[PDB]
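Asks: Here it is, the structure, as structure tokens.
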Amino acid sequence: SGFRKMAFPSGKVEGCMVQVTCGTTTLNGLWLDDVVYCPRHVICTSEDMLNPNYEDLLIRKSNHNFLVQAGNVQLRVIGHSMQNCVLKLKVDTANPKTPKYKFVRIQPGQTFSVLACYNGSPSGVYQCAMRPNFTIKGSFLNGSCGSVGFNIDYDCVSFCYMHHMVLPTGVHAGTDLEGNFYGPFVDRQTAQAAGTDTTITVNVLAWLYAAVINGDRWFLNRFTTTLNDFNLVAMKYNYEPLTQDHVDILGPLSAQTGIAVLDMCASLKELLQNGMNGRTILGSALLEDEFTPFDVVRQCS
Amino acid sequence: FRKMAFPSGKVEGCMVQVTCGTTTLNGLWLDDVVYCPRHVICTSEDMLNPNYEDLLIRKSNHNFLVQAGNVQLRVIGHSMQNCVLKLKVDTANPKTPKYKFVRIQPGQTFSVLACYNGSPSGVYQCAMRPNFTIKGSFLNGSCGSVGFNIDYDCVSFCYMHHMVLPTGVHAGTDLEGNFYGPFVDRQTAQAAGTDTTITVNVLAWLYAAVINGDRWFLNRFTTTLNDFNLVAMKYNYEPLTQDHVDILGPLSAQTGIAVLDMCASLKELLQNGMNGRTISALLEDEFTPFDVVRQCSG
Ligand SMILES: Cn1cnc(Cn2c(=O)nc(Nc3cc4cn(C)nc4cc3Cl)n(Cc3cc(F)c(F)cc3F)c2=O)n1
Ligand SMILES: Cn1cnc(Cn2c(=O)nc(Nc3cc4cn(C)nc4cc3Cl)n(Cc3cc(F)c(F)cc3F)c2=O)n1
């Protein structure tokens, strides 16, 4: 009972965060086995960050230019290399708290937990979604660069996001752990805009099922619609179209509530055309789109 | 603003499973003591009207199964303190953090580590409501999950989850086993009082709005604390205490807006409604003055 924005327990990840400093530039890094991963932006001085030539900046540095701090313990850098936008620092000590982990690239619409860190110290955890325009609406202050996003799958930590930068609208941009940006961004200190965002329709529907499970039912009606007729209206309002794969993924929540997906779509279509009219759903006055169907199942089953 | 929880790692290493018979729930292992709800000593026929003193007399140390994962911790002593059982085990937990037990007041926020079978499953932030419930998220098997705050290096444990009420909200104790609210640990339907809006947290949210440049609602007038408190009651808002005025001081200083001037602004919103938004069309009441500062400054 109840419904909350829930993150995964962060303990497996907390043991892997460190501070990386190069000159006076400092940020957070991720220590797994005997490698520290961090944004390559750390090798920039203040002059370099506007238009960095990273290959050049990197050849001009040596192992002892890198100061890696794990709490009070100092790790010794014995090698380094660039992979896209992520620096890989080989250190002489393996992390004994290394979890079972893999690196994954997630898709727009999917959610993950963010461990926000400052000077190598974990400070907060929260859940967010990859937006369709490849940004995330995070909560980050100066010094958060290199914080990571992750999901837990039984015993295995899937790392999917490494935080790089804030955009002028206050949303955030980053890479996967292979160093490739989500979206059309580049790791330099220039003002960059994102593409236009859309609402994640399959997530809205999952959240409407959670509301029904928790007793909020005022928006239901006895009508149904077809997939195509629903998608025409959704497109009009800048909602993502629904595919048959989405209909399948909502199956378990449709079975648990007895409300068919296309029946829910008919409710959502009415909401798009007429609004909430001052009513709320699960305490929200806006349609929430950052819970996946799987998120809802974890919390309501 | 996100609802952001504290990192849970220091607490995850203290979670265990406690079983008595087939009744199972979560416990908290600190040093050589396991804390858990005393409801664990009930069979199904006892849960509706348990005589805890009678049930405990018939229990021996060797009736308690305490497991950290698959590893059994042998119980060498037991006592009951209000609604929590304290189980002395033969192993001091080597992951015990620096910790203290605190009793929080309504309006205060904390992180909840939701656990099932002694295994951590999710973390989230919530506030204690003025009617001493929490609007949590808990399924069956979550009894004994704990709520906490982190102050620097030290974990402050403030909440042990016990039960779900008929309206779907949740009730529990502090770590000395004293319930928050007028509830009792039996399987009967119990009603919580009517909830009110947490005024001190609404004021913190209005200060955060001002800090970020959103300040249309600031009005030219001031009020007294007594006038404000009597108005708030009429709208199902909590009256302010002297402690509330004090914890708002830093935000007042940062913005140069006196607390009572902000109260006069809220009073207007209460009597006239809003038309535009703030930051949202709804006034948020689960961010404390500490939460605001922690997310705006660090
Ligand atoms: C407000 N906010 C929200 N998220 C962020 C993340 N972030 C950050 O933490 N730091 C950045 N630049 C740095 C400045 C430094 C000054 N010192 C002494 N050391 C510093 C290290 C960093 Cl990383 N930036 C900006 C930024 C970081 C990048 F990785 C990048 F490729 C381009 C950028 F413009 C930043 O966004 N701040
Ligand atoms: C849906 N929901 C949300 N929160 C809760 C919390 N909660 C819980 O997890 N378990 C409870 N009763 C038990 C039944 C058991 C069956 N077995 C085999 N073992 C069991 C152990 C427990 Cl604790 N309850 C009910 C409950 C628990 C109490 F501690 C109490 F004092 C009164 C109560 F009615 C419960 O609310 N479920």
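Asks: Identify, from the list A:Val114, A:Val73, A:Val77, A:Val68, the residue that is assigned by TED's automatic domain parsing to the domain that holds A:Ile43 and in contact with a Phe, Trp or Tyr (Cβ under 6 Å, 6 or more places away or on another chain). Explain how you work it out, then say what you get.
Replies: Working: A:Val114 fails: assigned by TED's automatic domain parsing to the domain that holds A:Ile43; A:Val73 fails: in contact with a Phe, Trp or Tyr (Cβ under 6 Å, 6 or more places away or on another chain); A:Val68 fails: in contact with a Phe, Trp or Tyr (Cβ under 6 Å, 6 or more places away or on another chain).
Within the list A:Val114, A:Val73, A:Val77, A:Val68, the selection yields A:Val77.
Asks: Okay, moving on. Filter region A:100-124 down to residues that are away from ligand 1 (no atom under 16 Å from the Cβ) and over 23 Å from A:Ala194 (Cβ atoms), then give me how many there are. Walk me through how you get there before you give the answer.
Replies: So in region A:100-124, the residues away from ligand 1 (no atom under 16 Å from the Cβ) come out as A:100-113.
Still in the list and also over 23 Å from A:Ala194 (Cβ atoms): A:100-103.
Looking only at that region, the number is 4.
Asks: Cβ-Cβ below 7 Å, separation at least six or inter-chain, first residue in region A:139-159 and under 20 Å from A:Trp31 (Cα atoms), second more than 16 Å from ligand 1 (Cβ to nearest atom) and small (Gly, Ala, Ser): which pairs?
Replies: Within 7 Å, the pairs are A:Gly149/A:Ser113; A:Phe150/A:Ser113; A:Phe150/A:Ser158; A:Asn151/A:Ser113; A:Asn151/A:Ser158.
Asks: Same structure again: Here is a list of conditions, (1) under 28 Å from the mean Cα position of the chain (by Cα); (2) surrounded by 18 or more Cβ atoms within 10 Å (Cβ to Cβ), and A:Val77 meets all of them except one; can you say which number that is?
Replies: Of everything listed in (1) under 28 Å from the mean Cα position of the chain (by Cα); (2) surrounded by 18 or more Cβ atoms within 10 Å (Cβ to Cβ), A:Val77 misses just condition (1).
Asks: Given B:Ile134, B:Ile150, which one is closer than 16 Å to B:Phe183 by Cβ, in contact with a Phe, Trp or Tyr (Cβ under 9 Å, 6 or more places away or on another chain) and in the same structural domain as B:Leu85 (by TED's automatic domain parsing)? Lay out the reasoning, then the answer.
Replies: Working: B:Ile150 fails: closer than 16 Å to B:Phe183 by Cβ.
Answer to the selection: B:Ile134.
Asks: Now a separate question. Do you know which residues across region A:61-89 are among the charged types (D, E, K, R) and closer than 22 Å to A:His164 by Cβ?
Replies: As a first pass, look at region A:61-89 and keep what is among the charged types (D, E, K, R): A:61, A:76, A:88.
A:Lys61, A:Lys88 - these are the residues of region A:61-89 that are among the charged types (D, E, K, R) and closer than 22 Å to A:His164 by Cβ.
Asks: Does B:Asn149 qualify as being of a type outside the set (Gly, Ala, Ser), in contact with a strand residue (DSSP E or B) (Cβ under 6 Å, 6 or more places away or on another chain) and more than 15 Å from B:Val84 (Cα to Cα)? Walk me through how you get there before you give the answer.
Replies: Values: of a type outside the set (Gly, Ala, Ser): yes; in contact with a strand residue (DSSP E or B) (Cβ under 6 Å, 6 or more places away or on another chain): yes; more than 15 Å from B:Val84 (Cα to Cα): yes.
Yes: the conditions hold for B:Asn149.
Asks: Could you please let me know if A:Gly195 is surrounded by fewer than 18 Cβ atoms within 10 Å (Cβ to Cβ), of a type in the set (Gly, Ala, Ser) and away from ligand 1 (no atom under 16 Å from the Cβ)?
Replies: Details: surrounded by fewer than 18 Cβ atoms within 10 Å (Cβ to Cβ): yes; of a type in the set (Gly, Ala, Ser): yes; away from ligand 1 (no atom under 16 Å from the Cβ): yes.
The answer is yes for A:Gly195.
Asks: Say whether the condition of being surrounded by 15 or more Cβ atoms within 10 Å (Cβ to Cβ), within 16 Å of ligand 2 (Cβ to nearest atom) and outside any loop (DSSP other than H, G, I, E, B) is met by at least one residue in region A:211-224.
Replies: yes
Asks: For A:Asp245, which of the numbered conditions (1) surrounded by 13 or more Cβ atoms within 10 Å (Cβ to Cβ); (2) over 14 Å from A:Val204 (Cα atoms); (3) under 29 Å from the mean Cα position of the chain (by Cα) fails to hold?
Replies: Result: A:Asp245 fails condition (1) only.
Asks: Out of (1) within 14 Å of ligand 1 (Cβ to nearest atom); (2) not in a loop (DSSP other than H, G, I, E, B), what's the single condition that is false for A:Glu55?
Replies: (1)
Asks: From the list B:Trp205, B:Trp216, which one is within 28 Å of the chain's Cα centre (by Cα) and among the hydrophobic types (A, V, I, L, M, F, W, C)? Break it down stepwise before answering.
Replies: Numbers: B:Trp216 fails: within 28 Å of the chain's Cα centre (by Cα).
The unique qualifying residue is B:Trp205.
Asks: Are any residues in region A:138-151 more than 9 Å from ligand 1 (Cβ to nearest atom) and buried (at least 22 other Cβ atoms within 10 Å of the Cβ), and if so, which ones?
Replies: A:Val148, A:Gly149, A:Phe150
Asks: Under the condition of being of a type outside the set (S, T, N, Q) and touching a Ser or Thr at 6+ places or on another chain (Cβ under 8 Å), which residue from region A:32-48 is nearest to A:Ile78 (Cα to Cα)?
Replies: Across region A:32-48, the extreme among qualifying residues is A:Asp34.
Asks: If a residue has to be away from ligand 1 (no atom under 13 Å from the Cβ), surrounded by fewer than 17 Cβ atoms within 10 Å (Cβ to Cβ) and among the charged types (D, E, K, R) to count, how many in region A:172-189 make the cut?
Replies: Counting residues in region A:172-189 that are away from ligand 1 (no atom under 13 Å from the Cβ), surrounded by fewer than 17 Cβ atoms within 10 Å (Cβ to Cβ) and among the charged types (D, E, K, R) gives 1.
Asks: From A:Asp229, A:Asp187, grab the single residue that is more than 16 Å from ligand 2 (Cβ to nearest atom) and either assigned by TED's automatic domain parsing to the domain that holds A:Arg40 or in a helix (DSSP H, G or I) (or both).
Replies: Working: A:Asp187 fails: either assigned by TED's automatic domain parsing to the domain that holds A:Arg40 or in a helix (DSSP H, G or I) (or both).
Just a single option satisfies the conditions, and that option is A:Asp229.
Asks: Taking the stated definitions as given, is A:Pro122 surrounded by fewer than 20 Cβ atoms within 10 Å (Cβ to Cβ) and not aromatic (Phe, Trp, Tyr)? Quick ask: steps written out before the conclusion?
Replies: Details: surrounded by fewer than 20 Cβ atoms within 10 Å (Cβ to Cβ): no; not aromatic (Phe, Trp, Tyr): yes.
In short, no.
Asks: Within region B:1-52, considering only strands (runs of 3 or more DSSP E) that don't extend past its boundaries, which have at least 3 residues that are more than 14 Å from chain A (Cβ to nearest Cβ) and either surrounded by fewer than 18 Cβ atoms within 10 Å (Cβ to Cβ) or of a type in the set (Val, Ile, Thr) (or both)?
Replies: Working: elements: B:15-20, B:23-30, B:33-37.
Correct list: B:15-20.
Basis: the model, the stated rules and, where named, an outside source; none is laboratory data. Methodologically, a virtual Cβ is constructed for each residue, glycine included, from the backbone with ideal geometry; neighbour enumeration extends over all protein chains shown.
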